[PDB]
>>> print(open('my_file.tsv').read())   # TSV, N, CA and C atoms and all ligand atoms
chain	number	residue	atom	x	y	z
W	1	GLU	N	-6.03	-29.02	-15.75
W	1	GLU	CA	-6.26	-28.31	-14.47
W	1	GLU	C	-6.47	-26.83	-14.78
W	2	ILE	N	-7.48	-26.25	-14.14
W	2	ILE	CA	-7.74	-24.79	-14.25
W	2	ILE	C	-7.01	-24.11	-13.10
W	3	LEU	N	-6.28	-23.04	-13.42
W	3	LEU	CA	-5.46	-22.32	-12.42
W	3	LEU	C	-5.79	-20.84	-12.49
W	4	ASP	N	-6.17	-20.26	-11.36
W	4	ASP	CA	-6.33	-18.80	-11.24
W	4	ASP	C	-4.95	-18.15	-11.19
W	5	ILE	N	-4.80	-17.03	-11.88
W	5	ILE	CA	-3.54	-16.25	-11.89
W	5	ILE	C	-3.80	-14.95	-11.14
W	6	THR	N	-3.23	-14.82	-9.96
W	6	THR	CA	-3.37	-13.59	-9.16
W	6	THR	C	-2.09	-12.79	-9.30
W	7	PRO	N	-2.16	-11.50	-9.68
W	7	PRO	CA	-0.93	-10.71	-9.83
W	7	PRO	C	-0.13	-10.65	-8.53
W	8	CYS	N	1.18	-10.73	-8.66
W	8	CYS	CA	2.11	-10.74	-7.50
W	8	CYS	C	1.91	-9.46	-6.69
W	9	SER	N	1.91	-9.60	-5.37
W	9	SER	CA	1.56	-8.50	-4.44
W	9	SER	C	2.46	-7.29	-4.70
W	10	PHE	N	1.85	-6.13	-4.87
W	10	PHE	CA	2.57	-4.86	-5.11
W	10	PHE	C	1.85	-3.74	-4.38
W	11	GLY	N	2.55	-2.63	-4.21
W	11	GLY	CA	1.94	-1.42	-3.63
W	11	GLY	C	2.96	-0.38	-3.22
W	12	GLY	N	2.49	0.84	-3.02
W	12	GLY	CA	3.37	1.96	-2.64
W	12	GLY	C	4.04	1.72	-1.30
W	13	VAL	N	5.17	2.37	-1.11
W	13	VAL	CA	5.89	2.38	0.19
W	13	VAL	C	5.92	3.82	0.68
W	14	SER	N	5.32	4.05	1.84
W	14	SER	CA	5.26	5.39	2.46
W	14	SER	C	6.16	5.40	3.69
W	15	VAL	N	6.77	6.54	3.98
W	15	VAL	CA	7.65	6.68	5.16
W	15	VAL	C	6.99	7.65	6.13
W	16	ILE	N	6.51	7.12	7.24
W	16	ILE	CA	5.97	7.94	8.35
W	16	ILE	C	7.16	8.49	9.12
W	17	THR	N	7.36	9.79	9.09
W	17	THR	CA	8.50	10.41	9.79
W	17	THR	C	8.02	11.63	10.54
W	18	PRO	N	8.44	11.81	11.81
W	18	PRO	CA	8.49	13.14	12.39
W	18	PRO	C	9.60	13.94	11.71
W	19	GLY	N	9.58	15.25	11.91
W	19	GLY	CA	10.59	16.14	11.31
W	19	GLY	C	11.99	15.69	11.66
W	20	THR	N	12.95	15.86	10.76
W	20	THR	CA	14.37	15.57	11.06
W	20	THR	C	14.85	16.44	12.22
W	21	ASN	N	14.20	17.58	12.44
W	21	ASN	CA	14.30	18.35	13.70
W	21	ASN	C	14.04	17.46	14.93
W	22	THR	N	13.06	16.56	14.86
W	22	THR	CA	12.63	15.78	16.04
W	22	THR	C	13.47	14.51	16.16
W	23	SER	N	13.49	13.67	15.14
W	23	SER	CA	14.22	12.38	15.20
W	23	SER	C	14.50	11.87	13.79
W	24	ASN	N	15.41	10.91	13.72
W	24	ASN	CA	15.70	10.16	12.47
W	24	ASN	C	14.93	8.85	12.45
W	25	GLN	N	14.15	8.55	13.50
W	25	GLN	CA	13.29	7.35	13.51
W	25	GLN	C	12.20	7.49	12.45
W	26	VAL	N	11.94	6.42	11.72
W	26	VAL	CA	10.86	6.39	10.71
W	26	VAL	C	10.12	5.06	10.82
W	27	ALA	N	8.83	5.10	10.54
W	27	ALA	CA	8.02	3.89	10.27
W	27	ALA	C	7.82	3.78	8.76
W	28	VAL	N	7.53	2.58	8.31
W	28	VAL	CA	7.33	2.32	6.86
W	28	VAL	C	5.99	1.61	6.68
W	29	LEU	N	5.18	2.14	5.77
W	29	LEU	CA	3.87	1.56	5.44
W	29	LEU	C	3.95	0.97	4.04
W	30	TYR	N	3.78	-0.34	3.94
W	30	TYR	CA	3.62	-1.04	2.65
W	30	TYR	C	2.13	-1.09	2.35
W	31	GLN	N	1.68	-0.29	1.40
W	31	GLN	CA	0.23	-0.06	1.20
W	31	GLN	C	-0.42	-1.31	0.61
W	32	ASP	N	-1.52	-1.75	1.23
W	32	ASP	CA	-2.33	-2.90	0.75
W	32	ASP	C	-1.45	-4.14	0.59
W	33	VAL	N	-0.59	-4.40	1.56
W	33	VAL	CA	0.28	-5.60	1.55
W	33	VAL	C	0.14	-6.30	2.90
W	34	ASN	N	-0.17	-7.58	2.86
W	34	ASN	CA	-0.21	-8.42	4.07
W	34	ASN	C	1.20	-8.50	4.66
W	35	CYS	N	1.28	-8.60	5.98
W	35	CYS	CA	2.58	-8.61	6.69
W	35	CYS	C	3.23	-9.99	6.58
W	36	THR	N	3.17	-10.61	5.41
W	36	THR	CA	3.83	-11.90	5.14
W	36	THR	C	4.66	-11.71	3.88
W	37	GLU	N	4.10	-11.01	2.90
W	37	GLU	CA	4.80	-10.68	1.64
W	37	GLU	C	6.01	-9.77	1.92
W	38	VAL	N	5.90	-8.85	2.87
W	38	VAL	CA	7.01	-7.89	3.16
W	38	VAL	C	8.20	-8.73	3.61
W	39	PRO	N	9.42	-8.52	3.07
W	39	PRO	CA	10.57	-9.34	3.46
W	39	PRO	C	10.89	-9.29	4.97
H	1	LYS	N	-28.25	1.67	-0.80
H	1	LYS	CA	-28.77	2.14	-2.11
H	1	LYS	C	-27.64	2.55	-3.06
H	2	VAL	N	-26.45	2.86	-2.55
H	2	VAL	CA	-25.31	3.24	-3.42
H	2	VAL	C	-24.42	2.02	-3.60
H	3	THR	N	-24.34	1.53	-4.83
H	3	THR	CA	-23.58	0.29	-5.16
H	3	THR	C	-22.31	0.66	-5.92
H	4	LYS	N	-7.18	-2.32	-11.80
H	4	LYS	CA	-7.35	-3.37	-10.76
H	4	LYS	C	-5.99	-3.81	-10.22
H	5	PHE	N	-5.12	-4.30	-11.09
H	5	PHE	CA	-3.79	-4.83	-10.71
H	5	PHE	C	-2.74	-4.41	-11.74
H	6	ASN	N	-2.91	-3.24	-12.34
H	6	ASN	CA	-1.97	-2.72	-13.37
H	6	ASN	C	-1.31	-1.44	-12.87
H	7	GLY	N	-0.87	-1.43	-11.62
H	7	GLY	CA	-0.37	-0.22	-10.94
H	7	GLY	C	-1.50	0.64	-10.41
H	8	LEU	N	-2.71	0.08	-10.33
H	8	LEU	CA	-3.91	0.81	-9.88
H	8	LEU	C	-4.22	0.35	-8.46
H	9	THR	N	-4.06	1.24	-7.50
H	9	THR	CA	-4.39	0.96	-6.09
H	9	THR	C	-5.49	1.91	-5.64
H	10	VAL	N	-6.26	1.46	-4.66
H	10	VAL	CA	-7.31	2.30	-4.03
H	10	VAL	C	-6.91	2.50	-2.58
H	11	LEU	N	-6.66	3.74	-2.21
H	11	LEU	CA	-6.25	4.10	-0.83
H	11	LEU	C	-7.50	4.22	0.02
H	12	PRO	N	-7.51	3.63	1.22
H	12	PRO	CA	-8.67	3.75	2.10
H	12	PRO	C	-8.79	5.19	2.59
H	13	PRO	N	-10.02	5.73	2.72
H	13	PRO	CA	-10.19	7.07	3.27
H	13	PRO	C	-9.69	7.16	4.71
H	14	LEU	N	-9.20	8.34	5.08
H	14	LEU	CA	-8.64	8.57	6.43
H	14	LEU	C	-9.70	8.31	7.50
H	15	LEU	N	-10.93	8.77	7.28
H	15	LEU	CA	-12.03	8.55	8.25
H	15	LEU	C	-12.87	7.38	7.77
H	16	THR	N	-12.95	6.34	8.58
H	16	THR	CA	-13.82	5.19	8.29
H	16	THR	C	-15.28	5.62	8.36
H	17	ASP	N	-16.16	4.82	7.77
H	17	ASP	CA	-17.61	5.10	7.79
H	17	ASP	C	-18.11	5.19	9.24
H	18	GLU	N	-17.49	4.46	10.15
H	18	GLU	CA	-17.86	4.51	11.58
H	18	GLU	C	-17.54	5.89	12.15
H	19	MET	N	-16.41	6.48	11.78
H	19	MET	CA	-16.02	7.80	12.33
H	19	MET	C	-16.91	8.89	11.72
H	20	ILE	N	-17.27	8.77	10.45
H	20	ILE	CA	-18.18	9.75	9.82
H	20	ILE	C	-19.56	9.62	10.48
H	21	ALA	N	-19.96	8.40	10.81
H	21	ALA	CA	-21.23	8.17	11.53
H	21	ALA	C	-21.16	8.80	12.92
H	22	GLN	N	-20.01	8.72	13.60
H	22	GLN	CA	-19.86	9.33	14.94
H	22	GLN	C	-19.91	10.86	14.82
H	23	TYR	N	-19.30	11.44	13.78
H	23	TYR	CA	-19.44	12.89	13.52
H	23	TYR	C	-20.90	13.26	13.32
K	101	LIG	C1	15.61	22.54	13.61
K	101	LIG	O1	17.01	22.27	13.55
K	101	LIG	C2	17.81	23.43	13.32
K	101	LIG	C3	19.26	22.99	13.15
K	101	LIG	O2	19.85	23.68	12.04
K	101	LIG	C4	17.64	24.41	14.48
K	101	LIG	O3	18.41	25.59	14.24
K	101	LIG	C5	16.17	24.77	14.64
K	101	LIG	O4	16.00	25.57	15.81
K	101	LIG	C6	15.33	23.52	14.76
K	101	LIG	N1	13.91	23.87	14.81
K	101	LIG	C7	13.05	23.33	15.69
K	101	LIG	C8	11.64	23.82	15.59
K	101	LIG	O5	13.38	22.50	16.51
K	102	LIG	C1	-2.60	-12.43	5.79
K	102	LIG	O1	-2.32	-13.79	5.49
K	102	LIG	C2	-2.77	-14.71	6.49
K	102	LIG	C3	-2.32	-16.11	6.09
K	102	LIG	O2	-1.15	-16.02	5.28
K	102	LIG	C4	-4.29	-14.62	6.61
K	102	LIG	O3	-4.75	-15.48	7.66
K	102	LIG	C5	-4.71	-13.18	6.91
K	102	LIG	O4	-6.13	-13.08	6.89
K	102	LIG	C6	-4.11	-12.23	5.88
K	102	LIG	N1	-4.45	-10.85	6.23
K	102	LIG	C7	-4.62	-9.90	5.30
K	102	LIG	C8	-4.97	-8.53	5.81
K	102	LIG	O5	-4.49	-10.11	4.11
>>> encode(input="my_file.tsv", output="structure tokens")
Amino acid sequence: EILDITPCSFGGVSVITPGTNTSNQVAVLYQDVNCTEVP
Amino acid sequence: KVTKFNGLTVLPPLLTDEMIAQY
């Protein structure tokens, strides 16, 4: 059997934040990752 | 006319080709 090997999904994690002056709420961007791989 | 997985990522540009076309 021939099997393709695709490297396991990886990418940077960025934190979208307003200033700590404004709020402690943050969003998180998993770069180039489908919303299924993210835990 | 104008024509990988080792820790190498390509970030998409902030302005899509559609937005540059609108500009
Ligand atoms: C940011 O928070 C500090 C608290 O040490 C406050 O003194 C300052 O006025 C705040 N700045 C703004 C722009 O809200
Ligand atoms: C994410 O995965 C689903 C199935 O697991 C697929 O239908 C969808 O096209 C994928 N989207 C991206 C952006 O990879």
>>> residues_near_ligand(input="my_file.tsv", ligand="ligand LIG 101 (chain K)", cutoff="7 Å", atoms="only N, CA and C atoms and all ligand atoms", output="PyMOL selection string")
chain W and resi 20-22
>>> select_by_dssp(input="my_file.tsv", residues="chain H", states="helix (DSSP H, G or I)", output="list in words")
residues 17, 18, 19, 20, 21 and 22 of chain H
>>> residues_near_ligand(input="my_file.tsv", ligand="ligand LIG 102 (chain K)", cutoff="8 Å", atoms="only N, CA and C atoms and all ligand atoms", output="PyMOL selection string")
chain W and resi 32-37
>>> atom_distance(input="my_file.tsv", atom1="CA of residue 31 (chain W)", atom2="CA of residue 3 (chain W)")
26.7 Å
>>> residues_around(input="my_file.tsv", residues="residue 5 (chain H)", least_positions_apart="4", cutoff="10 Å", atoms="only C-alpha atoms", output="PyMOL selection string")
(chain W and resi 6-11) or (chain H and resi 9)
>>> atom_distance(input="my_file.tsv", atom1="CA of residue 15 (chain H)", atom2="atom C of residue 18 (chain W)")
22.6 Å
>>> atom_distance(input="my_file.tsv", atom1="CA of residue 17 (chain H)", atom2="atom N of residue 2 (chain H)")
13.8 Å
